[PDB]
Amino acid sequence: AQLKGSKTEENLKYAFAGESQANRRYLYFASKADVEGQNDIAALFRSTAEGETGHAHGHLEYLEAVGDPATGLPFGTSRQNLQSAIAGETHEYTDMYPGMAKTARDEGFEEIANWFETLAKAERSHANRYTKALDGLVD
């Protein structure tokens, strides 16, 4: 009866990840079609992407029962949502992207290493800006 700990919980998280990536992929594909002059194709990728947004947000709604897939924290309210966003961003900029940059440099992918470092700096900016917003929140 409890979603927490079930296979269904893991399935919702996986499906949420897949839906999220589908929207991003289809918008990338729309941009390619845009440049090529395939305007009907581009419009279809965009329309389909809107479906994937609906699917992802439906998955997230069920996952309110168990926590944010990125952090395990409760979500729903702006206060909660900001806290979760800050935790997630903090992980990305302190641990994830610097680690990925190091691995890339070690493997000989200097440009991709620099890309990962650019992104570490960007997530730090996002984390700081969300923390400012959380301090300014009136609820």
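Whichever C-alpha set is largest while still superposing within 1.5 Å between the two forms counts as the rigid core. The numbering used is simple: start at 1 and walk along the sequence shown.
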In 7 other deposited structures of this protein, superposed on the rigid core, which stretch sits farther off in Cα RMS terms, 1-9 or 129-137? 1-9
Between 107-115 and 41-49, name whichever shows the higher mean Cα B factor according to the PDB entry. 107-115
Which is higher on mean Cα B factor in this entry, 22-30 or 86-94? 86-94
Going by the entry, which third of its chain does the Cα temperature factor of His55 land in? lowest
